[PDB]
Structures are given as C-alpha cells and as structure tokens.
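Notes for the structure review
The chain contents come next:
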Amino acid sequence: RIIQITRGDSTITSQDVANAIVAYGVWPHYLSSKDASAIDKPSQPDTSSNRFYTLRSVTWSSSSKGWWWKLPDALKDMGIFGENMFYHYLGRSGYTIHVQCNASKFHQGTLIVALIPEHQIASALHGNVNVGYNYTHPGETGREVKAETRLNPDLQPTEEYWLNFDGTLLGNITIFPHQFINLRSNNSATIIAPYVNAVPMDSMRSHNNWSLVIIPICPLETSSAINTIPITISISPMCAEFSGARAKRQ
Amino acid sequence: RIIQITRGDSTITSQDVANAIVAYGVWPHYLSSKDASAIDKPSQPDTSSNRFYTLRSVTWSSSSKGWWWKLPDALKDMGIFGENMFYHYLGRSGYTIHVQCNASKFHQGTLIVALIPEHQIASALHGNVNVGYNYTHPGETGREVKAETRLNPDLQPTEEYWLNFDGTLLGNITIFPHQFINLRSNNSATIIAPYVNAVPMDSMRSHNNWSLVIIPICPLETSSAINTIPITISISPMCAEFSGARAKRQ
Amino acid sequence: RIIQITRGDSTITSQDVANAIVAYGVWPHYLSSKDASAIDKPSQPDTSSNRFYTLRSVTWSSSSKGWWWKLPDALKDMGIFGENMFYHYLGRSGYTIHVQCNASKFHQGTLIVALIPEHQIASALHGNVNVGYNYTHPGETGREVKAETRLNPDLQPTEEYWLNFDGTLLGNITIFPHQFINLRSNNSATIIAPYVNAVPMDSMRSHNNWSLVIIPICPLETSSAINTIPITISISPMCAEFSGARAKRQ
Amino acid sequence: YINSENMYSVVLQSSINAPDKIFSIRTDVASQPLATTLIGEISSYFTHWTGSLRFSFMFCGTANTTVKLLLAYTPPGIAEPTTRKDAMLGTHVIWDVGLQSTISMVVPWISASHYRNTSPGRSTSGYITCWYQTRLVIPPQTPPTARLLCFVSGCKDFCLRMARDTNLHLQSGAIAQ
Amino acid sequence: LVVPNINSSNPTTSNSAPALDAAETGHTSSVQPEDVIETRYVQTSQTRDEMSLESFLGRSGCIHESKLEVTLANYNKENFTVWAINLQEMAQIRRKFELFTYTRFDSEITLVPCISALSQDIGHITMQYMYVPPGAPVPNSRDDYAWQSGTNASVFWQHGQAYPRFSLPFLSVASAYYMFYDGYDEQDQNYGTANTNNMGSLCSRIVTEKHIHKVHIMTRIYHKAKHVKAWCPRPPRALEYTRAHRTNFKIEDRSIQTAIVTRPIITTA
Amino acid sequence: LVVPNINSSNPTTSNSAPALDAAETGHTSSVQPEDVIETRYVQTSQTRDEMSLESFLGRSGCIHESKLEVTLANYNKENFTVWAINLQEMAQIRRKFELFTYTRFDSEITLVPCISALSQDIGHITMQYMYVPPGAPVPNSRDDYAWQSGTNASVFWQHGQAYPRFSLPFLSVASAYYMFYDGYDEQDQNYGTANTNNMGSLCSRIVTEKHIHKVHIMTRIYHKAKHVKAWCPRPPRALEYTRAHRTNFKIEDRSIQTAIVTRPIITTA
Amino acid sequence: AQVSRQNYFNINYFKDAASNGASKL
Amino acid sequence: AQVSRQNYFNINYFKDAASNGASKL
C-alpha cells in the first residue's frame, strides 16, 4: 500500500495509503473543441501551476467538530494559480488532493474526507437569510467548525456538520467520491477529480466549482501526552485553464 | 386393486384400494433454479425425512361428525421433518398420504377424504372475530369435530362440516383431489401431492401450505358388537426442503 | 498469511494465521459404496449442518491448565447437527475447526492445539475404576482442567494434562495433526480432518470418534490490565451423514 | 448520540471477558434506522424490494489492538437471539481482524416471495446481530476503548418495484421561498 | 376452443363395458356419452370460448363505493377518503375470485364518479384519486402535502369529463394473489388474506377549493381482470358474506339459510 | 436492463478470500454474494427498468398552486397572477431533483384548472396562461397589452375543456439545470440557485370580461421530466424545506427533528 | 398479421405490454 | 420497425423531436 505522486514540479507520497478512486473514473483533461464555449486559445500555465500547493495547519482533538474548503477560492493565494485565476473572468481546473494525517500505531479515531460538488451551504439563522461572501469564500483559511460566537450570524453558514451543513444526512455522504483517514488503515488519504460543471468553463472567483470536506466521524485519542495531531492538505490543480484576460480581480 | 408404497425408509400397502389420482397429475419434485427465491443450496434430508410418519388414532361411530389437519403443522413433531421445519424460516414439501380404515365385509358407511389448499377456516362466533393460532395449528393432535363446549369460542373455528367450515357447500368438495373410503369399494384410500404455493417456498410454521379433511358422508354401521373402527393416517413428506437455518422456533 | 473459510452458510477468517495442515492430507469426503456397512441411502443435511457452530467462551490466565472436547458429543446441541445425530443410531462426519485467540502485539504465551483420536482418558483415582459418561461426554460445556474438588472423583478422568490425561508424554503430542497459537506467530489457529474410524460409520452418541485438546504450553502474560483473554472454538462438521433413523436419543 | 456523528458509531469495551451481544438491528430495508441510509431512502421511495444486501464493518480502534467478532443474521419467524450460540446457528461470519481494515458480508435473500414489501407494518425480514467472538484485547496503556463503523449497500442481486412518494420525509404547510 | 363432434354409436352389448367405475378413485366417472346411447353422428360444434377465464373473469364489475360529503366548516380538512384495496366486499366479483386458491391478472380499473347536489347548483368540480401503495404517507387532510404525487399513481376527474380508467398490472410480491391463506403474519394474528393481501389503499379528494355548494360525491369503482391466470379451483360461496378478508358466515342472531331449497318428498320432482 | 443470474457457489475455504477490504479506499466493499453463501443457481431475473431515471424522474407530480380570486371592483386590474418558475417548493418533486448536482430533461407540463363558486353559478369562464421568459414585459393588469402574445407561449382553458398540457424542451443557457450552485451572481448576493435558476415565470389571467360571479380559480400545475439525464448524485434532504432556492433548514423557534427515530438500546431491534 | 379466427388485421399500440389487458386463447 | 422488448410497431408523429418526451433504455 505505497504511492508516489508528481505534478508540475512537486511530489508527494504515502507508504501507508490505499490508492485514490479517481472521481467517476474520469482522469483529468483539458476542454474539447467539441464542447467549449470560450473563443480564445486559453492560458495553459501547465507545470508552473498544475503543481502542488498546501494549506495552513489545522489541528484536531477529541473535542473537534469538522473542517471544509471551497475551490478554487481555497487556492486564490497559490501564486501562479491564484493570480491566473484572479486575472481572468473564466477558467476551469480539476484537482489532485492528498490529506496528511499520520499518527502513531497507538492512536484511534477516524476522519471521513469527501470531495463534494456545489455543496450549497445552509444559513446558521432561520428565515429570510443567505450566506455572505466572506464565509462562502474563506480562502485558504477555510472553515473549521466551532461551538461559539461567530459574528454576523445572519450571514454565517450553519455549523451543523452531521446535517452536512445543508440539511442532508451524513453517512450517506459516501455518495460522493470519498476516503477515510483511519489511523489503523492508513496514515494519509487521497482523491483526484477532473473539472466539472453544467458549463464547459466557469467564473472562478464567483463560483466554487468544487468543494472539500473533512469530518471527525470517530474521536481522536491516544494515551500519549501528544493529545492532538495536525492535519494539512495539499492540492495540485489539474489541466488548469483560464480565459478572458483583463485586470486583477478585487 | 393392490399397491405397495416405499418412501425414505418405510413402506405401506393396501390390497383393497384403487390407486391415488396424483394431484393435478404433477408428480412431486424439488424447486427449480428457474423459479426459486431463496439464495442458499437448501437442506435435503432426503430418505431421513421423505419417509412415513403417522398420527394418533382417531376413532369413529355413526354419531361422529368429521376430522381434519393442516400441514406442515400436523407433522411438527415428526422427528427430522419436525425439527428441520422448526429450525428454518422457510421450506417446502409435497406429501404422499394414505388413510387406514379397514372394516369387515359386514360393515357400511363411507368417508370422503379431501386434500384441500389454504382452506381458510371461518370462526365459530359471528362478528369481528378470527381463528386463534392454537386451533389453526392443532399439531398432529388435529381437529375432530364435536357437538359441545370448546372453550375460547370467539377464537375457535366453526364446527360446520357440511359448510366445509368456510361457508361453501360440501359435495362440491370433490373439486379438490379426493377419494372415498367406501367399505365395499376399498379398505383404505390414498392421495399424493406436490408442493404448491403462490410462492416458490414458504414460512412452514406460519402458514399451513396444505390441509387434509376426512368426513363421514355416510354413517358407520355394522350389526357386530365392534360398533366403531379407528382411523389413522400416515404421511410422507415429498422432496422436502428447508432454507434460512437458525435457532429452533417456539 | 491470510485465509477465508466458507461452509454450509457461514464464514470465518484470520488475517494472521498459517494455513491448516489437512489431517493426513485427506480432504473430507462422504462414504464410498466400496467401503460402506449401512444399507440405506443416508441423511445428507449438507449446507444446513456442514456449517459452523461455536462453543461457549472459555478464558485463560497464567494460572490456567488446559481444555478439551470429545466429538461429536461436544456438538450435540448444534441444532440440525445435534438432533440429526440424536435421531440416528449411526452416522459419520469430519470437521473443520478454527480456534479464536487474538491478543495484542504486547502479549506472550502459547497454546498447543491438538486434534486427537480416541484419546482414551485415564481415571483420576487409582485401582478398579473407569470414567463415567457425564464426564467423557461433557457436551459443548467441555472439560477445562482445574486444581480442586471435582465430585464423584472415582468416575472422574485425571486432570494430568502434561501426561495427556492418559499416561503419555506431552510434547510428543505433535504426533497428531496440531497447531500452535503463538501470539507472535498468529492470532488464531486452524485444523481440518476427514471422518475416521476402524468402522465405515459409527454410533455417534455412544463413541466420540474424534477429540480436540488445547493446552497452555507457555503461560499467558501481558503488562496490560487486560490480564486474561477468552478463547472460543468454532467447528463445522464435514460431509455429515446419518443412518438408522428412529426416535430422539436420551 | 443522535445530534452528532456518534449515532453512526458504536463503542467497544476491551475490559470484558464475555461472549455477549454488542448490538442488533432489523433487516427490512425501510425500517429504522436502515431507512435513513441512502439505500433506505431509495427503498422508502419504493414498495417492493428483492435481493441480498451487503454489509460492511471497520475495526476503527487502535492499530496495535486485536479481536475477532461475530456478525450474524437471523432468518425470521423467530425472536432476535439472546446467546452468541443462537447467532452461530444463524448465517454468520467471524471476523479475522488482520492487517486489512474491513469485514464485509451479506444477508442472503431468503424471502418466501421473490419480492418483499419495503416497509413492514405488522411484518418482519429478520435481524442483524453482533457479538464478542473473542474478547477485544488492547495492549497495555492503549485507550480502554474502541470504535466500530457499519456500512450497507445493495449487492449485484438487489432490485426494487412500485416507486411511491417516500415515507421518509414530510412537508407541513407551504414551502416558503 | 371447441367440443369434438359426436360420432354415430352402434347398438351393441359385450363383456367389455365402461359404464361401471369406482368414483372413490377420485377420478371423474365413466366418461363417454356414446357408450349408452346408440347415437347418430352430430356436428357438436359449440365453442367453449365464452367459458374461457379471459371471458368469465374478463368482464368488469363494481368493486367498492367511494361516498363522500363536501364538508364546509373545515373544507380543507375533511373532504377526502381512503379505502383498503380488496376484492372481498362486493359479492359477484368476490365469488369470481372465491373460486380458486390463487389468481393472477392485469386489471382494467374504471371510475364512475357521480356528483349529487344538496344545493341549487354544483358549478365546476374537480376530484383527485391516488393509489396509496403501503408506506406511502397517507393523506390526513384535503390540504395535505400528500396530494402532491411525484410517483404515486394519481389521476383526475371533473364535471362533464368522461369516465376515467387505467390499466394496473399484476401487483403481488408473489406469483399470484392469494384468494385464501392458511396462517398468519409471523406473530400470529389477522388469520388468512388479511395477512397476504396488503395492497394498501385507493384514495380520493376534492381538488376544487372551498365553494358554496353542499354536495355528495360518489364514485363507483369497477374492475375487470384480463391477461388472467388462475390456480386450483375451490368450491363456490354457499351463503351471504360477512367480514371481507375472513371467511366468516355464521351471522349474528341469524341462521344458515343456504342456496339449497327443500321439498316435501324426494320421490316428487 | 436486468441483474445477472446467480450461480451455484461451492462450499469451500482457501488462502484467497475477498470478504475483507479497505472501505477507506472510497470504493464499495467486497462485492459478491456467492462468496459467503454456498448458493444454488437461481434465475435472478428481476428487471431494474422501473428503477430507471426515465421512470423515477419520469413520473409527473404537482409543482405549484396558482390560486386567484376574481376581484370585481377593478376586474380589469387585479385578476391575474405570476409565479417564479422553480422545482423548489413542493417537497416530493423537489427531492427527486435534490438528489444530484445537475439534471437535464424535457418537460411534460400539465394544467389542472379548477373553478370554485362563491356565487349561485359560474357561467362560461375562460382563462389565459403565459410563459414569461425573463425580459418579457410582465403583465401588470388583467387588461395589460402584455396579454397579447405574438411569440410568448400563451395558452387557454375554459370551463368544460379537458386538462391543458404542453411539452417544454430543456431550457438552460448551460448543459443542465443547476440543482445547486456554490457562489453568486458576480456582485455577490442571492447565494446558490437564486443566481443560476432564472427561468422567469409562469402567468395566468381571466380572459372572460367583467361578469357577476364571484369565483376563485385554482390551477394545480404538474410536470414530469422525460428524455432525462442527471449528473453526480448527492444525498437526500433529511428535514422539512424552508426557503425555495436556499438550502436553509434550521427553522425559527424549532429544532432539527430529522427522519431518524431513536430507540431505548442498540442491542434491541 | 391478420386475426386467426377472422378476416382483418388489428394489433397493439399502447406503450407497455401488460397495459393491453386483452388476450388470445 | 417493431418494439424491441415487444410484439408490435409504434413510432413518433408529433412535429419537433424534443416534444416527444418518451425514451428507450
């Protein structure tokens, strides 16, 4: 159960992992002349951006409740990817994602990781409300789930993780392409996806065409004084493309 | 007019009988791969249970009114057959049945024997009532018909034999596979049947997939001091099968 | 070092075991027309009894001394197998046996398991004595070995495990088909055997045609507060057959 | 556990020398809790079902830890078992918790009729039942605990009929906008 | 499907003679009419096709009676009905099927909706029906969300519209409908068809909103079995029905006056 | 489209065994039923065709409720309605589509117009509908010139006429309808389907001129998706709806009582 | 083809076969 | 041609193909 990974300039491994299911079996690819909408020959940064980038350390505990991100927004700051995104009205990209989560032989607990589509998050508050841009687009900073006092609550998404933050049951979440970090089974987990939309390419900053969720399905523990472990995620964009070049987006 | 019979380990004869009509002409057989519902390779006790077993002596008189049984329940105590039935959620079996009823050349009277299907017995009492399990499932002890004082009458079946205990006319009962014990015609009578249901196999203890009726159509008499004769019935199950093994049923 | 096992309806595995030696290499089979004594076509319950059944939990400690069973008596209560045995004067069957004995990576100790033939147990007391039926036939309840006060001692077998309870040296016991539960080597152990006798089939309840022994050759220990581990054994009969059907044996 | 992840999970007790029952469930596809699974909901959208169900189970405890466990099925017309040996008479699997993560096993289709009704009223399909085949053994100073997660899906055998507007969900009044 | 012709039969006698038999065999008696009549040859040539099952079952009849009043005071609550689907409460149809162990068929279903005025007019009226298979959420109210029907067979009628109909295929989880059953649901109550014959229910409900006309709606519902098959005939019902699923016939404060009629002496026709 | 048959499976054990797996892979678990049952061969031969998308989506259901009162005092002004086209406010249909990322279909559309009398009669009545695609001039008045419809799909019903229907082809500017969306119209409000799902509106209006009968008109509007296609399944809605476009579910002064029901102990079925 | 008992051609047109509800002998 | 699952011929007649709204598998 060993893998190595190589994209654009950068490489990844686990020597205790079971291979990704490729999302729907479709290995990532560029747009087709048969399906395209945009007229130009689009921007292929290739190796300089279909390469890995990784998020700030989250860390977790038995008390922890969940984390997620929305893409491409979660990668808006990833140099070439980030600006090439911000300077175009449109683009498209798939992703290779690996989540890094080693423990000792002496830990238990499990996370589910789900790649998830439009994942249209429900409000925290009841009634005539909807989610505000700052929170739907948390950037690489992401949304960890917490017990208390998130301001502007009327525009906040719900914290209700076991309702998938949208009023659907968890545990059926395995309907999406998914994996488990299980500390016995593996030390890491991986998933890869092509581009997807109802449209052949999309307004990157305006719509998170993919999203990624990680949930503490089983509580972290060990008897060791190292009561907590970080998690980090690395992503490479795939076949990344951009079209309608103009100024940098604000 | 002579026969011998041999099933599983045990043998039967009459030298004053006319052969059974096979029920609908279908000689008994196991389930088919073309028709089956249950997934396992099912339990074939074969010789150790597709063999004869026989009921306690009933006895009859000019005053007697009728007797019947419901199958497989009437055979729940027949060793291998009985337990193999009770330990499975499902099974199926046909039957060979012979009724033993010799008299002298100097007796008259006649019984009709009818094999009968689901034979859904009517209540004794009027109104919002139905038959209780203890009585639908009399075991090998069976239901003789009597004039008086059967307790729990609200849950008892009717005693009304000439209404076939269901509000249908007797004498049309020859619609089913049937024979007569007629003391001139024969000294015994016989019938054989395959399995039957709307289903390819059935919940044995929960549903009497076959039933057997014997009725004093003409009163027993002789001038001899032997004013009464026993009747007994022997049955072998046929192609008997059982599926969904678990604990013994209560 | 991984196996899966499937008999009659039920399945078993270990993912830390070394395969059974088949006893004398003879894979189990039905009787032959060339060798048989009994005249009937015998009872083949097949899937409904050549399937697994398992014994009550024993548990062991550094202080523990041994356990054994005698077959078929140890399985007299295994539904279909048990009654089909009790209702026939004769039968025959081989067995597949697996013993379940997982510990942590942090335990030591070892058991020898020996399948053993007629294993004719010696008395506890000296002189003109022999073993009483209640003890030779302990049923599924089996014989654990204990330090004290077993009543009717004159009819008890000896407790002397290292003398194989018959006045033969242990450690030569590997003459029989055998395995070790060694907590480093494996988490479970397995053995399978055909039928055997001087006779082509045998009086099941009257003679334990096979027997099974498990002995604490090396004392159980761990530093963990879980100072003891259960053992359990599961058995499927093999090619099981029965002949001379009559009433249930007492 | 309901308002949380924990209703998907069960906790095991390495402290216990016993053979006894860990859990049990029905098997009728639109019964609680199974109805709440996505196969459950799809079955709840339907009136007839057929074919055998896949079930799967991960030993979510500490990697250093060992056990073997009994997962068993009860063919109905009978009470849900009360000894491990009862379940051993049912169709069952004993889990060799090897390096590999998961045991997976099937309730065989043993309906009298080729289909069964998706929701029972006064009716039954049988039971899942779970037992300590060995005791669970952690090595010393491991957490005195373990977790198990349980999965189901349709086998290749599985099918449905009589699509019906599902039991599972209710609308009261007007859906506001 | 036809009878054969009948041949001429020669007047004869012989040691061979089939007129004698053993009815006790169970087999039908000495079969042949030419045996005891010196017949002329006749083209007996009358078809049995009206006697076919796709004829005798295959004529429609009424099944049930969906009578309703349009309540005003809570129009939104009350104005719907539900009926447990069975062939067991209209005698003629019942007796067609109370003739076998089991039967299988596809079903013409036909609706005869009728509006009766308790007021000077009826206006336009529209009416819903739904097949409620078991474990569909049963409508509780004339305003229940259960009137939405994404997959349930629901159908509409209104004043001046022709009679609705649909083809319903053979439904059972088993091969054929139980006409009778000999046991229980596994914990031992509801003996007989009340176990096996859980088809669920038909339903109806006024679709027009609250309006001033006090009215009764009555639907007579009809069915014909076609593409029929049937299984082991069983004797006809001798006496009045009583209890739908149950074969009960001993009625309260009553006696068993069957279809048989007595005569003064058996030597008088 | 059918399941395979199931073979006979020999009773065996071996070092090879597939019953174990890593569900953590994301792949579905050890697939095969013959692995742990010594089966007989069975003609497992039950079609999945009712389970097809052109079945499950491809049954009609109600969508919306066009209730109107005929106002007298300005008959010419008020007596029309407009509704924003969505599949998001009748739960059953909503839950069919709230099962995917995207779906595409052609649409049977069916109209169930109903007249309810608040007066002694209704007389003849005729009613207009119009599909108002966005940027058509929305009718403001029952007398608006916008009732003229040179190219808008407008259609008529009247008392005693059969139920109107039309086929509407798949509409979207994109390949498929968004069942969900993860962002905004480009200046960042209306998060989710309220961005993408601008189909415009249906409309209705009484066509008969001013008349004495106080009446309510109610149209139940129905649709079935056929020639369907669907895109990446997603988990079913667990709880009551709340806010059409928005996935909101935490209702005011209420708690999250899902379809899951509790029991006293997990060792009791 | 034509009707075997008869002198004319007529055949099914409604969609799903069970829905016909009219059988030969 | 005739219906593949079946024993009869029936085919479209309404004008524009999308408007049919009834598909094979």
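As stated in the entry header, the method of structure determination is cryo-EM and the reported resolution is 4.7 Å.

Here's the deal with the overall build of chain E
The number of helices and strands found in chain E is 4 helices and 9 strands. Here the C-alpha atoms of chain E give a radius of gyration of 26 Å, more than 25% beyond the 18 Å that 2.2 N^0.38 yields for 269 residues. Taken over the C-alpha atoms alone, chain E extends approximately 85 × 45 × 45 Å along its principal axes. Partitioning the contacts of chain E with sequence separation of at least 6, the portion at a separation of at least 24 is 77%.

Details of the sheet that holds strand β11 (residues 159-161) of chain D
What holds strands together in a sheet is hydrogen bonding between their backbones, with the strands either parallel or antiparallel. All names here are of chain D. With respect to topology, 3 strands assemble into an open sheet ordered β8-β3-β11, the strand pairing being antiparallel. Across the chains shown, the open sheet's two edge strands, defined by having one partner strand only, are β8 (116-117) and β11. Note: strand β3 (residues 48-50) against β11, 3 bridges, orientation antiparallel. Its bridge partner being in β11, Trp49 is matched across the sheet by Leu160.

Notes on the sheet that holds strand β9 (residues 178-182) of chain C
One open sheet accounts for 5 strands, arranged β8-β5-β11-β7-β9 (chain C); its pairing is antiparallel. Single-partner strands in this sheet number two, and they are β8 (143-144) and β9 of chain C.

Overview of helix α1 (residues 80-87) of chain A
Within α1 of chain A the residues assigned to the buried category are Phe81, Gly82, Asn84, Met85 and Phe86 of chain A. Along its buried surface, α1 of chain A packs onto β3 (53-54), β6 (88-100) and β12 (229-245) of chain A.

A closer look at the interface of chain A and chain F
Each side of the interface is counted separately: chain A has 55 residues, and chain F has 42 residues. Counting the surface lost from both chain A and chain F, the interface buries some 4100 Å², and carbon and sulfur atoms represent 56% of this. Ranking the residues of chain A by area buried against chain F places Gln120, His126 and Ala198 of chain A at the top, with a combined share of 18%. For the pair chain A and chain F, the number of links is 3 salt bridges. Of the charged contacts, one joins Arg234 of chain F and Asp166 of chain A as a salt bridge, the two residues approaching to 2.8 Å between their closest N and O atoms. Remark: the boundary between chain A and chain F carries 33 residue pairs in polar contact. Of all the secondary structure elements, the ones that give two or more residues to the side of chain A that touches chain F are α2 (133-136), β9 (178-182) and β11 (210-222) of chain A. Sort the elements by how many residues they give to the side of chain A that touches chain F and β9 of chain A lands first, with 4 residues. Looking at the side of chain A that touches chain F, its residues break down into 22 nonpolar, 27 polar and 6 charged.

Notes on the pattern of salt bridges
Side-chain pairs of opposite charge can arise whenever the charged atoms involved come near each other. Residue and element names in this part refer to chain B. For the coordinates displayed, the defined rule picks out 29 salt bridges over all chains. Between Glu159 and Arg143 there is a salt bridge, with its nearest N and O atoms 2.7 Å apart. Here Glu159 is found in the loop between β8 (143-144) and β9 (178-182), whereas its partner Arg143 is found in strand β8, with 16 residues between them in sequence. For the pair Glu159 and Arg143, one class covers both residues: buried.

Focus: the side chain of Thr258 of chain E
Relative to the helices and strands, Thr258 of chain E resides in the segment after β9 (215-233). In this structure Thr258 of chain E comes out as buried when scored by relative accessible area, which is 15%. For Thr258 of chain E, the side chain forms a polar contact with the main-chain nitrogen of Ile260 of chain E, separated by 3.1 Å. The contact partners of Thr258 of chain E, leaving out residues within four places of it in the chain, are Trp162, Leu163 and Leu169 of chain B together with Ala238 and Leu239 of chain E.

What about the packing of aromatic side chains?
Tallying each qualifying case throughout the model produces 29 aromatic pairs over all chains. Judged by centre distance (5.1 Å) and plane angle (45°), the ring pair of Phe97 of chain E and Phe105 of chain E falls under tilted. Clustering of aromatic rings is evident, with ring pairs tying together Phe97, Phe105, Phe170 and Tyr177 of chain E. Between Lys248 of chain C and the ring centre of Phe86 of chain C, over which it is positioned, the NZ or CZ distance is 4.2 Å. For the cation-ring pair, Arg234 of chain F lies above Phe180 of chain F, with the distance from its terminal atom to the ring centre recorded as 3.8 Å.

Overview of the interface of chain E and chain G
With 8 residues of chain E at the interface, the matching set in chain G holds 6 residues. Carbon and sulfur atoms make up 57% of the area that chain E and chain G hide from each other, which totals about 580 Å². Applying the counting criterion to the chain E and chain G interface returns 0 salt bridges. Here chain E and chain G share 3 residue pairs in polar contact between them. When grouped by side-chain class, the residues that make up the side of chain E that touches chain G number 1 nonpolar, 3 polar and 4 charged.

Re the pairing of strand β6 (residues 88-100) of chain B
Residue and element names in this part refer to chain B. Most of β6 is tucked away, with 12 of its 13 residues classed as buried. Here β6 pairs with strand β12 (residues 229-245) via 11 bridges, running antiparallel. Residue pairing in the sheet places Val99 in a bridge with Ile233 of β12.

Overview of helix α1 (residues 80-87) of chain C
Judged by how many residues are buried, α1 of chain C sits mostly within the fold: 8 of 8 residues are covered. Of all the residues in α1 of chain C, the buried ones are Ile80, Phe81, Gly82, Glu83, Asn84, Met85, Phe86 and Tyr87 of chain C. Where α1 of chain C is buried, its residues meet α1 (80-87) and β6 of chain B together with β3 (53-54), β6 (88-100) and β12 (229-245) of chain C.

Points about the packing of α1 of chain B against α1 of chain C
In a packed pair of helices, the relevant descriptors are the angle between the two axes and the axis-to-axis distance. Interhelical geometry of α1 of chain B versus α1 of chain C gives an angle of 175° and a closest axis separation of 11 Å. Considering their axes alone, α1 of chain B and α1 of chain C lie roughly antiparallel with respect to each other. Contacts between α1 of chain B and α1 of chain C pair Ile80, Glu83, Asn84 and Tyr87 of chain B from the former with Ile80, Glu83, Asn84 and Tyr87 of chain C from the latter. Looking at side-chain class alone, the contact of α1 of chain B with α1 of chain C contains 4 nonpolar, 2 polar and 2 charged residues.

So, the environment of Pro236 of chain F
The topology assignment puts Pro236 of chain F in the segment after β11 (215-233). Taking the C-alpha atoms as reference points, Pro236 of chain F and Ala17 of chain F, 219 residues apart in sequence, are found 35 Å from one another. Those residues in contact with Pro236 of chain F that lie beyond four places of it in its chain are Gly167, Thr168 and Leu169 of chain A, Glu41 of chain D together with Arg95 and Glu98 of chain F.

Some words on unusual backbone geometry
For the bond from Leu71 of chain B to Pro72 of chain B, the omega torsion is 15°, close enough to zero to count as cis. Note on placement: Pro72 of chain B falls in the loop between β5 (67-71) and α1. Of note, the amide linkage connecting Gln32 of chain D to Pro33 of chain D takes the cis form, showing an omega dihedral of -15°. Mapped onto the secondary structure, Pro33 of chain D falls in the loop between β2 (21-26) and α1 (38-44). The phi angle at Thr149 of chain A is positive, at roughly 50°, despite the residue not being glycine. Tracing the chain through its elements places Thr149 of chain A in the loop between β8 (143-144) and β9. For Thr149 of chain A, a relative accessible area of 73% corresponds to the exposed category. Phi is positive for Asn190 of chain E, which is not a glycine, with a value near 70°. Mapped onto the secondary structure, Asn190 of chain E falls in the loop between β7 (177-178) and α4 (193-196).

Cut-offs applied
- Residues numbered from 1 in each chain as written, not as in the entry; some residues may be left out.
- Chains lettered and ligands numbered in written order.
- Part of a larger assembly, values for the part shown.
- Heavy atoms only, no water.
- Residues with missing side-chain atoms left out of burial classes, pairs and counts.
- Helix = DSSP H or I, 4+ residues; strand = E, 2+ residues; numbered from the N terminus.
- Rg over C-alpha atoms; globule rule 2.2 N^0.38 Å.
- Contact = heavy atoms within 4.5 Å.
- Pairing = 2+ DSSP bridges.
- Buried < 20%, exposed > 50% of the residue type's maximum accessible area, 1.4 Å probe, protein only.
- Buried area = accessible area lost by both parts, 1.4 Å probe.
- Salt bridge = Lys/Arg side-chain N within 4 Å of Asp/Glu carboxyl O.
- Polar contact = N/O pair within 3.5 Å; in protein donor to acceptor, adjacent residues only side chain to side chain.
- Nonpolar A, V, L, I, M, F, W, Y, C, P; charged D, E, K, R; others polar.
- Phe/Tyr/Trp six-rings, centres within 6.5 Å; stacked < 30°, edge-to-face > 60°.
- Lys NZ or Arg CZ within 6 Å of the ring centre and 35° of its normal.
- Axes fitted to C-alpha atoms, helices over the stretch in contact; angles between N-to-C directions.
- Parallel < 35°, antiparallel > 145°, perpendicular 65-115°, else oblique.

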